[PDB]
file entry.cif (mmCIF, C-alpha atoms and all ligand atoms)
data_protein
#
loop_
_atom_site.label_atom_id
_atom_site.label_comp_id
_atom_site.auth_asym_id
_atom_site.auth_seq_id
_atom_site.Cartn_x
_atom_site.Cartn_y
_atom_site.Cartn_z
CA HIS A 1 0.00 0.00 0.00
CA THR A 2 1.70 3.06 -1.40
CA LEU A 3 0.77 6.19 -3.47
CA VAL A 4 2.65 8.93 -5.39
CA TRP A 5 3.09 12.20 -3.53
CA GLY A 6 4.54 14.17 -6.47
CA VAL A 7 7.51 14.42 -8.76
CA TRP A 8 10.89 16.10 -8.95
CA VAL A 9 12.44 17.39 -12.19
CA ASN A 10 16.22 17.57 -12.42
CA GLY A 11 16.35 17.27 -8.63
CA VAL A 12 13.85 20.05 -8.01
CA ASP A 13 10.65 19.21 -6.14
CA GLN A 14 7.53 20.18 -8.16
CA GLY A 15 5.39 20.17 -5.00
CA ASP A 16 2.45 18.04 -3.79
CA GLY A 17 0.81 16.67 -6.93
CA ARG A 18 -2.00 14.67 -5.35
CA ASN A 19 -5.17 15.26 -7.39
CA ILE A 20 -3.29 18.17 -9.05
CA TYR A 21 -0.97 16.61 -11.60
CA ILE A 22 -1.26 13.05 -10.33
CA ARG A 23 -4.56 11.22 -11.14
CA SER A 24 -4.65 10.04 -7.54
CA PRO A 25 -7.02 7.30 -6.28
CA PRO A 26 -8.67 7.93 -2.91
CA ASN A 27 -6.41 5.48 -1.03
CA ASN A 28 -3.40 3.18 -1.30
CA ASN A 29 -5.36 -0.09 -1.92
CA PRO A 30 -3.81 -2.34 -4.54
CA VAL A 31 -5.41 -3.05 -7.96
CA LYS A 32 -5.54 -6.83 -8.62
CA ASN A 33 -7.99 -7.46 -11.44
CA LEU A 34 -5.88 -7.70 -14.61
CA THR A 35 -8.86 -7.18 -16.88
CA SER A 36 -10.24 -4.11 -15.09
CA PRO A 37 -10.11 -0.54 -16.45
CA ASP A 38 -8.51 0.25 -13.09
CA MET A 39 -5.27 -1.28 -14.53
CA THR A 40 -4.83 1.84 -16.76
CA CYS A 41 -4.48 4.62 -14.13
CA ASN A 42 -6.06 3.18 -11.00
CA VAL A 43 -9.61 3.66 -9.69
CA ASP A 44 -10.12 7.42 -10.26
CA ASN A 45 -8.83 8.08 -13.76
CA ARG A 46 -9.80 11.62 -14.78
CA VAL A 47 -8.04 14.72 -16.01
CA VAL A 48 -6.51 16.69 -13.17
CA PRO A 49 -5.91 20.41 -13.53
CA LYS A 50 -2.07 20.62 -13.90
CA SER A 51 0.58 18.98 -16.09
CA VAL A 52 4.30 19.09 -15.07
CA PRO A 53 6.56 20.81 -17.65
CA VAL A 54 9.69 18.95 -18.70
CA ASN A 55 12.15 18.77 -21.64
CA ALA A 56 13.75 15.75 -23.25
CA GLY A 57 16.82 14.71 -21.27
CA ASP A 58 15.45 15.87 -17.99
CA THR A 59 15.32 13.53 -14.98
CA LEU A 60 11.69 12.94 -13.82
CA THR A 61 11.50 11.48 -10.34
CA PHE A 62 8.37 9.86 -8.85
CA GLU A 63 8.11 10.02 -5.10
CA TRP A 64 6.03 7.37 -3.32
CA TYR A 65 4.74 7.15 0.25
CA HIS A 66 2.63 4.99 2.47
CA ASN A 67 0.62 7.15 4.91
CA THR A 68 2.65 10.37 5.13
CA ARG A 69 5.49 11.82 3.03
CA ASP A 70 8.88 10.17 3.43
CA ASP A 71 7.60 7.52 5.85
CA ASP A 72 8.19 3.76 5.44
CA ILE A 73 7.07 4.15 1.79
CA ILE A 74 5.65 0.63 1.27
CA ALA A 75 5.56 -2.41 3.56
CA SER A 76 8.80 -4.45 3.40
CA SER A 77 6.81 -7.60 2.70
CA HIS A 78 5.80 -6.19 -0.77
CA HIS A 79 8.87 -7.49 -2.68
CA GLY A 80 8.51 -6.96 -6.40
CA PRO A 81 9.42 -5.09 -9.59
CA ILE A 82 8.96 -1.51 -10.70
CA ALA A 83 8.17 -0.21 -14.20
CA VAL A 84 7.36 3.11 -15.88
CA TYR A 85 5.44 3.51 -19.07
CA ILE A 86 4.49 6.46 -21.24
CA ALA A 87 1.55 7.18 -23.46
CA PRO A 88 0.17 10.33 -25.17
CA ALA A 89 -2.43 12.11 -23.11
CA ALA A 90 -4.95 12.15 -26.01
CA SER A 91 -5.27 8.31 -25.60
CA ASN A 92 -6.50 8.65 -22.01
CA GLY A 93 -4.53 5.42 -21.61
CA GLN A 94 -6.83 3.47 -23.92
CA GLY A 95 -5.56 1.33 -26.74
CA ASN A 96 -2.17 -0.03 -27.61
CA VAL A 97 -0.38 3.07 -26.41
CA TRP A 98 1.83 2.26 -23.41
CA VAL A 99 5.55 2.22 -24.02
CA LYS A 100 7.96 1.00 -21.41
CA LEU A 101 10.71 3.37 -20.32
CA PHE A 102 12.05 1.58 -17.24
CA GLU A 103 12.18 -1.88 -15.61
CA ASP A 104 13.87 -3.01 -12.41
CA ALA A 105 13.01 -6.42 -10.78
CA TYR A 106 15.73 -8.22 -8.82
CA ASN A 107 19.33 -7.06 -8.46
CA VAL A 108 21.59 -10.11 -7.94
CA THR A 109 24.64 -8.14 -6.76
CA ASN A 110 22.79 -6.43 -4.01
CA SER A 111 20.32 -9.28 -3.45
CA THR A 112 17.49 -6.75 -3.46
CA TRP A 113 14.19 -6.35 -5.21
CA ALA A 114 13.21 -2.99 -6.81
CA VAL A 115 10.75 -2.44 -3.93
CA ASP A 116 13.47 -2.96 -1.35
CA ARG A 117 15.61 -0.27 -2.95
CA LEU A 118 12.60 2.03 -3.34
CA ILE A 119 12.27 2.09 0.43
CA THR A 120 15.99 2.83 0.78
CA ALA A 121 15.55 5.59 -1.82
CA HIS A 122 12.81 7.29 0.33
CA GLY A 123 10.23 6.45 -2.34
CA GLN A 124 12.13 7.95 -5.25
CA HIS A 125 12.75 6.46 -8.65
CA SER A 126 13.36 8.20 -12.01
CA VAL A 127 13.37 8.14 -15.74
CA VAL A 128 15.07 10.38 -18.26
CA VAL A 129 12.52 12.06 -20.45
CA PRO A 130 12.83 10.71 -24.03
CA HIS A 131 13.12 12.64 -27.33
CA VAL A 132 9.47 12.09 -28.31
CA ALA A 133 7.06 14.62 -29.85
CA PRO A 134 6.41 17.68 -27.77
CA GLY A 135 2.98 17.52 -26.17
CA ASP A 136 0.97 16.17 -23.21
CA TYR A 137 1.67 12.68 -21.84
CA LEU A 138 0.76 10.28 -19.12
CA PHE A 139 3.58 8.59 -17.22
CA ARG A 140 2.32 5.36 -15.57
CA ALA A 141 4.47 4.22 -12.67
CA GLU A 142 3.72 0.61 -11.51
CA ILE A 143 4.88 -1.31 -8.55
CA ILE A 144 4.01 -5.05 -8.45
CA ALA A 145 3.99 -6.48 -4.94
CA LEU A 146 4.41 -10.33 -5.16
CA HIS A 147 3.81 -11.50 -1.55
CA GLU A 148 0.51 -13.19 -2.56
CA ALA A 149 1.34 -13.81 -6.20
CA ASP A 150 1.55 -17.64 -5.69
CA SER A 151 -2.15 -17.42 -6.45
CA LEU A 152 -4.03 -15.84 -9.38
CA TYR A 153 -6.60 -13.20 -8.55
CA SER A 154 -8.82 -14.59 -11.30
CA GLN A 155 -8.87 -17.96 -9.49
CA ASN A 156 -8.73 -16.67 -5.88
CA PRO A 157 -9.78 -13.04 -5.44
CA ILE A 158 -8.43 -12.85 -1.93
CA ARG A 159 -4.84 -13.32 -3.21
CA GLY A 160 -2.84 -12.47 -6.33
CA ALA A 161 -0.24 -9.99 -7.54
CA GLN A 162 -0.87 -6.48 -6.36
CA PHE A 163 -0.53 -3.40 -8.60
CA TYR A 164 0.22 0.05 -7.27
CA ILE A 165 -0.38 2.23 -10.35
CA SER A 166 -0.04 5.97 -10.57
CA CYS A 167 -0.43 8.20 -13.57
CA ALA A 168 1.30 11.60 -13.77
CA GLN A 169 0.34 14.28 -16.26
CA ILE A 170 3.60 15.47 -17.92
CA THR A 171 4.02 18.09 -20.63
CA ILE A 172 7.12 17.65 -22.82
CA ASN A 173 8.02 21.12 -24.10
CA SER A 174 11.49 21.11 -25.69
CA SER A 175 12.26 17.97 -27.70
CA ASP A 176 13.54 17.42 -31.22
CA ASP A 177 11.32 14.34 -31.70
CA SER A 178 14.27 12.33 -32.85
CA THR A 179 12.90 9.13 -31.21
CA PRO A 180 9.21 9.37 -31.97
CA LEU A 181 7.10 7.13 -29.75
CA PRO A 182 6.57 3.52 -31.12
CA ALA A 183 3.59 1.22 -30.78
CA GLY A 184 2.71 0.37 -27.20
CA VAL A 185 0.71 -2.20 -25.14
CA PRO A 186 -2.76 -1.88 -23.67
CA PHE A 187 -3.54 -1.69 -19.94
CA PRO A 188 -5.74 -3.53 -19.16
CA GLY A 189 -4.64 -6.28 -21.59
CA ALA A 190 -0.90 -6.57 -21.55
CA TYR A 191 -0.77 -8.62 -18.34
CA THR A 192 -2.64 -11.98 -18.34
CA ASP A 193 -2.67 -14.99 -16.01
CA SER A 194 0.03 -16.66 -18.19
CA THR A 195 2.29 -13.63 -18.40
CA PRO A 196 5.78 -14.23 -17.00
CA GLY A 197 6.10 -12.57 -13.57
CA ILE A 198 2.40 -12.33 -12.66
CA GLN A 199 2.17 -15.74 -10.87
CA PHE A 200 5.35 -16.37 -8.95
CA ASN A 201 6.29 -17.76 -5.57
CA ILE A 202 8.88 -15.56 -3.93
CA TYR A 203 9.10 -17.88 -0.93
CA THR A 204 10.40 -20.96 -2.83
CA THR A 205 11.65 -19.81 -6.22
CA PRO A 206 15.00 -18.03 -6.32
CA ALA A 207 14.55 -14.33 -7.13
CA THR A 208 17.40 -14.67 -9.70
CA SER A 209 14.87 -16.79 -11.50
CA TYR A 210 12.20 -14.07 -11.58
CA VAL A 211 11.25 -12.71 -15.01
CA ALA A 212 9.32 -9.39 -14.96
CA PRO A 213 6.28 -9.09 -17.21
CA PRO A 214 6.96 -7.91 -20.74
CA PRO A 215 7.00 -5.63 -22.73
CA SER A 216 10.71 -5.00 -22.80
CA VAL A 217 12.07 -1.49 -22.24
CA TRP A 218 11.88 0.58 -25.48
CA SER A 219 15.35 1.06 -27.09
CA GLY A 220 14.61 4.81 -27.25
CA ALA A 221 14.32 5.01 -23.47
CA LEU A 222 17.10 7.25 -22.08
CA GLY A 223 17.77 5.97 -18.64
CA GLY A 224 16.38 5.53 -15.18
CA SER A 225 17.15 4.49 -11.58
CA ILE A 226 15.86 3.82 -8.09
CA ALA A 227 17.70 6.36 -5.95
CA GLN A 228 16.95 9.39 -3.84
CA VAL A 229 17.47 12.65 -5.76
CA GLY A 230 16.14 14.97 -3.14
CA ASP A 231 15.57 15.42 0.55
CA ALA A 232 11.92 15.92 1.38
CA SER A 233 12.67 16.55 5.06
CA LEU A 234 14.28 19.90 4.00
CA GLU A 235 11.04 20.93 2.19
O1 LIG A 301 -3.27 -9.47 4.87
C1 LIG A 301 -2.04 -9.90 5.49
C2 LIG A 301 -0.92 -9.12 4.83
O2 LIG A 301 -1.05 -7.76 5.23
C3 LIG A 301 -0.12 -6.86 4.72
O3 LIG A 301 -0.39 -5.63 5.36
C4 LIG A 301 -1.33 -4.77 4.75
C5 LIG A 301 -2.67 -4.93 5.48
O4 LIG A 301 -3.26 -6.17 5.06
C6 LIG A 301 -3.58 -3.84 4.96
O5 LIG A 301 -4.90 -4.00 5.47
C7 LIG A 301 -3.01 -2.46 5.22
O6 LIG A 301 -3.93 -1.48 4.74
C8 LIG A 301 -3.84 -0.22 5.44
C9 LIG A 301 -2.76 0.68 4.83
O7 LIG A 301 -1.40 0.26 5.04
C10 LIG A 301 -2.90 2.08 5.42
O8 LIG A 301 -2.00 2.94 4.72
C11 LIG A 301 -4.32 2.61 5.29
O9 LIG A 301 -4.47 3.84 5.97
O10 LIG A 301 -5.20 1.73 5.96
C12 LIG A 301 -5.22 0.43 5.39
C13 LIG A 301 -6.30 -0.33 6.16
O11 LIG A 301 -7.60 0.10 5.70
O12 LIG A 301 -1.78 -2.41 4.48
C14 LIG A 301 -0.78 -3.33 4.88
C15 LIG A 301 0.50 -3.01 4.08
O13 LIG A 301 0.85 -1.69 4.47
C16 LIG A 301 1.28 -7.26 5.11
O14 LIG A 301 2.26 -6.36 4.55
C17 LIG A 301 1.52 -8.67 4.57
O15 LIG A 301 2.83 -9.16 4.89
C18 LIG A 301 0.47 -9.60 5.19
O16 LIG A 301 0.64 -10.90 4.65
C1 LIG A 302 -12.63 -7.83 -13.18
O1 LIG A 302 -12.89 -6.85 -14.16
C2 LIG A 302 -13.74 -7.28 -15.21
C3 LIG A 302 -13.66 -6.21 -16.29
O2 LIG A 302 -14.14 -5.01 -15.72
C4 LIG A 302 -15.11 -7.41 -14.52
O3 LIG A 302 -16.13 -7.68 -15.44
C5 LIG A 302 -15.04 -8.51 -13.46
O4 LIG A 302 -16.29 -8.55 -12.80
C6 LIG A 302 -13.93 -8.11 -12.45
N1 LIG A 302 -13.75 -9.15 -11.44
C7 LIG A 302 -14.16 -8.96 -10.17
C8 LIG A 302 -13.93 -10.13 -9.26
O5 LIG A 302 -14.68 -7.92 -9.72
CL CL A 303 -1.69 -6.83 1.56
CL CL A 304 -8.91 -4.94 -8.21
CL CL A 305 19.07 5.85 -2.52
CL CL A 306 15.90 17.27 -27.73
CL CL A 307 -7.63 -7.56 -20.43
CL CL A 308 17.89 8.41 -13.51
CU CU A 309 0.02 -3.25 0.55
#
call {"tool": "encode", "arguments": {"input": "entry.cif", "output": "structure tokens"}}
result
Amino acid sequence: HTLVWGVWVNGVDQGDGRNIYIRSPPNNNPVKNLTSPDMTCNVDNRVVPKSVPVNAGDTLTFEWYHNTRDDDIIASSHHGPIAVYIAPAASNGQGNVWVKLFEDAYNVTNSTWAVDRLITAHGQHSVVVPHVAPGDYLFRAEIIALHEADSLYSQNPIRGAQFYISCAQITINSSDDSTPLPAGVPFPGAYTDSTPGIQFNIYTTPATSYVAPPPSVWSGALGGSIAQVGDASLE
């Protein structure tokens, strides 16, 4: 159970975005139904009044939290991967529009899942804004918590993989459109019961064995990381 508080751009806090430039749901409950429209941008998908201005090559940092800003972020039990996708705003997230910019699952060196390092990063993880067409976009940040992913929600609705999905409204201003956005995947639709990484037992399978759900990261993606860029406690 975790939500996005806001974003930073090039290490500068853009301020509380909840229901402002983040299409925030009313609480931190997970989405579990892979076929539901809630898979797109969570349970309250509507246009919010602001869109964060960025340029290609900028660092866009999502900041997550549990109950209050810069708290425990997400429960430590929620081991799992993190992804970020992009789609044009005009889609409203519908169709085959979502392009993957970032994926982190398990890091063998450090023996840590993406979620583990998200906590250590005070909720912060980033992508570099790609050289796509200037305009309005949705950035869909997705945490998958696997602590009940031994089961399938479709089979047992009290268990299953848990999705913490947040959509940020981002306006790309300066960009040469040298890497125009390719075809994407639909949400709901891309993840099914047979998809690698949706049904997995973290308690008996080695994490080195884990395969995150496709699609793969777009070759035009410019970078990303799970790491603190800024100190909220000084805000
Ligand atoms: O169900 C057993 C599993 O519980 C996990 O903890 C979650 C609780 O089940 C869940 O009810 C609680 O929801 C809280 C939420 O954290 C809080 O922010 C909000 O204000 O109130 C909700 C209650 O309405 O969330 C926790 C995770 O934070 C354990 O993590 C898991 O190991 C255990 O198996
Ligand atoms: C999952 O979502 C589908 C598509 O909206 C819906 O028809 C179905 O009833 C949902 N499942 C549950 C258990 O609510
Ligand atoms: Cl839970
Ligand atoms: Cl659900
Ligand atoms: Cl860090
Ligand atoms: Cl550019
Ligand atoms: Cl579907
Ligand atoms: Cl980065
Ligand atoms: Cu939770």
call {"tool": "closest_atom_pairs", "arguments": {"input": "entry.cif", "of": "chain A", "to": "ligand CL 304 (chain A)", "cutoff": "10 Å", "atoms": "only C-alpha atoms and all ligand atoms", "output": "JSON lines"}}
result
{"residue": "A:29", "atom": "CA", "partner": "A:CL304", "partner_atom": "CL", "distance": 8.7}
{"residue": "A:30", "atom": "CA", "partner": "A:CL304", "partner_atom": "CL", "distance": 6.8}
{"residue": "A:31", "atom": "CA", "partner": "A:CL304", "partner_atom": "CL", "distance": 4.0}
{"residue": "A:32", "atom": "CA", "partner": "A:CL304", "partner_atom": "CL", "distance": 3.9}
{"residue": "A:33", "atom": "CA", "partner": "A:CL304", "partner_atom": "CL", "distance": 4.2}
{"residue": "A:34", "atom": "CA", "partner": "A:CL304", "partner_atom": "CL", "distance": 7.6}
{"residue": "A:35", "atom": "CA", "partner": "A:CL304", "partner_atom": "CL", "distance": 9.0}
{"residue": "A:36", "atom": "CA", "partner": "A:CL304", "partner_atom": "CL", "distance": 7.1}
{"residue": "A:37", "atom": "CA", "partner": "A:CL304", "partner_atom": "CL", "distance": 9.4}
{"residue": "A:38", "atom": "CA", "partner": "A:CL304", "partner_atom": "CL", "distance": 7.1}
{"residue": "A:39", "atom": "CA", "partner": "A:CL304", "partner_atom": "CL", "distance": 8.2}
{"residue": "A:42", "atom": "CA", "partner": "A:CL304", "partner_atom": "CL", "distance": 9.0}
{"residue": "A:43", "atom": "CA", "partner": "A:CL304", "partner_atom": "CL", "distance": 8.8}
{"residue": "A:153", "atom": "CA", "partner": "A:CL304", "partner_atom": "CL", "distance": 8.6}
{"residue": "A:157", "atom": "CA", "partner": "A:CL304", "partner_atom": "CL", "distance": 8.6}
{"residue": "A:160", "atom": "CA", "partner": "A:CL304", "partner_atom": "CL", "distance": 9.9}
{"residue": "A:162", "atom": "CA", "partner": "A:CL304", "partner_atom": "CL", "distance": 8.4}
{"residue": "A:163", "atom": "CA", "partner": "A:CL304", "partner_atom": "CL", "distance": 8.5}
call {"tool": "closest_residue", "arguments": {"input": "entry.cif", "among": "A:41, A:73, A:90, A:185", "to": "ligand LIG 301 (chain A)", "atoms": "all atoms listed in the file"}}
result
A:73
call {"tool": "closest_atom_pairs", "arguments": {"input": "entry.cif", "of": "chain A", "to": "ligand CL 306 (chain A)", "cutoff": "12 Å", "atoms": "all atoms listed in the file", "output": "JSON lines"}}
result
{"residue": "A:54", "atom": "CA", "partner": "A:CL306", "partner_atom": "CL", "distance": 11.1}
{"residue": "A:55", "atom": "CA", "partner": "A:CL306", "partner_atom": "CL", "distance": 7.3}
{"residue": "A:56", "atom": "CA", "partner": "A:CL306", "partner_atom": "CL", "distance": 5.2}
{"residue": "A:57", "atom": "CA", "partner": "A:CL306", "partner_atom": "CL", "distance": 7.0}
{"residue": "A:58", "atom": "CA", "partner": "A:CL306", "partner_atom": "CL", "distance": 9.9}
{"residue": "A:128", "atom": "CA", "partner": "A:CL306", "partner_atom": "CL", "distance": 11.7}
{"residue": "A:129", "atom": "CA", "partner": "A:CL306", "partner_atom": "CL", "distance": 9.6}
{"residue": "A:130", "atom": "CA", "partner": "A:CL306", "partner_atom": "CL", "distance": 8.1}
{"residue": "A:131", "atom": "CA", "partner": "A:CL306", "partner_atom": "CL", "distance": 5.4}
{"residue": "A:132", "atom": "CA", "partner": "A:CL306", "partner_atom": "CL", "distance": 8.3}
{"residue": "A:133", "atom": "CA", "partner": "A:CL306", "partner_atom": "CL", "distance": 9.5}
{"residue": "A:134", "atom": "CA", "partner": "A:CL306", "partner_atom": "CL", "distance": 9.5}
{"residue": "A:172", "atom": "CA", "partner": "A:CL306", "partner_atom": "CL", "distance": 10.1}
{"residue": "A:173", "atom": "CA", "partner": "A:CL306", "partner_atom": "CL", "distance": 9.5}
{"residue": "A:174", "atom": "CA", "partner": "A:CL306", "partner_atom": "CL", "distance": 6.2}
{"residue": "A:175", "atom": "CA", "partner": "A:CL306", "partner_atom": "CL", "distance": 3.7}
{"residue": "A:176", "atom": "CA", "partner": "A:CL306", "partner_atom": "CL", "distance": 4.2}
{"residue": "A:177", "atom": "CA", "partner": "A:CL306", "partner_atom": "CL", "distance": 6.7}
{"residue": "A:178", "atom": "CA", "partner": "A:CL306", "partner_atom": "CL", "distance": 7.3}
{"residue": "A:179", "atom": "CA", "partner": "A:CL306", "partner_atom": "CL", "distance": 9.3}
{"residue": "A:180", "atom": "CA", "partner": "A:CL306", "partner_atom": "CL", "distance": 11.2}
{"residue": "A:222", "atom": "CA", "partner": "A:CL306", "partner_atom": "CL", "distance": 11.6}
call {"tool": "write_last_selection", "arguments": {"input": "entry.cif", "atoms": "C-alpha atoms", "output": "PDB file, in the frame of the given file"}}
result
ATOM      1  CA  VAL A  54       9.690  18.950 -18.700  1.00  0.00           C
ATOM      2  CA  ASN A  55      12.150  18.770 -21.640  1.00  0.00           C
ATOM      3  CA  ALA A  56      13.750  15.750 -23.250  1.00  0.00           C
ATOM      4  CA  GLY A  57      16.820  14.710 -21.270  1.00  0.00           C
ATOM      5  CA  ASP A  58      15.450  15.870 -17.990  1.00  0.00           C
ATOM      6  CA  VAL A 128      15.070  10.380 -18.260  1.00  0.00           C
ATOM      7  CA  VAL A 129      12.520  12.060 -20.450  1.00  0.00           C
ATOM      8  CA  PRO A 130      12.830  10.710 -24.030  1.00  0.00           C
ATOM      9  CA  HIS A 131      13.120  12.640 -27.330  1.00  0.00           C
ATOM     10  CA  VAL A 132       9.470  12.090 -28.310  1.00  0.00           C
ATOM     11  CA  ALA A 133       7.060  14.620 -29.850  1.00  0.00           C
ATOM     12  CA  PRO A 134       6.410  17.680 -27.770  1.00  0.00           C
ATOM     13  CA  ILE A 172       7.120  17.650 -22.820  1.00  0.00           C
ATOM     14  CA  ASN A 173       8.020  21.120 -24.100  1.00  0.00           C
ATOM     15  CA  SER A 174      11.490  21.110 -25.690  1.00  0.00           C
ATOM     16  CA  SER A 175      12.260  17.970 -27.700  1.00  0.00           C
ATOM     17  CA  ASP A 176      13.540  17.420 -31.220  1.00  0.00           C
ATOM     18  CA  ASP A 177      11.320  14.340 -31.700  1.00  0.00           C
ATOM     19  CA  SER A 178      14.270  12.330 -32.850  1.00  0.00           C
ATOM     20  CA  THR A 179      12.900   9.130 -31.210  1.00  0.00           C
ATOM     21  CA  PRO A 180       9.210   9.370 -31.970  1.00  0.00           C
ATOM     22  CA  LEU A 222      17.100   7.250 -22.080  1.00  0.00           C
TER      23      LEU A 222
END
call {"tool": "closest_residue", "arguments": {"input": "entry.cif", "among": "A:107, A:164, A:15, A:148", "to": "residue 74 of chain A", "atoms": "only C-alpha atoms"}}
result
A:164
call {"tool": "closest_residue", "arguments": {"input": "entry.cif", "among": "A:161, A:217, A:211, A:144", "to": "residue 100 of chain A", "atoms": "only C-alpha atoms"}}
result
A:217
call {"tool": "closest_residue", "arguments": {"input": "entry.cif", "among": "A:206, A:135, A:189, A:184", "to": "residue 111 of chain A", "atoms": "only C-alpha atoms"}}
result
A:206
call {"tool": "closest_residue", "arguments": {"input": "entry.cif", "among": "A:2, A:208, A:156, A:61", "to": "residue 78 of chain A", "atoms": "all atoms listed in the file"}}
result
A:2
call {"tool": "axis_aligned_box", "arguments": {"input": "entry.cif", "around": "segment 61-80 of chain A", "padding_each_side": "3 Å", "output": "AutoDock Vina command-line options"}}
result
--center_x 6.1 --center_y 2.1 --center_z -2.2 --size_x 16.9 --size_y 25.4 --size_z 22.2
call {"tool": "residues_near_ligand", "arguments": {"input": "entry.cif", "ligand": "ligand LIG 301 (chain A)", "cutoff": "7 Å", "atoms": "all atoms listed in the file", "output": "number ranges by chain"}}
result
A: 1, 28-29, 66-67, 74-78, 147
call {"tool": "atom_distance", "arguments": {"input": "entry.cif", "atom1": "atom CA of residue 104 of chain A", "atom2": "atom CA of residue 225 of chain A"}}
result
8.2 Å
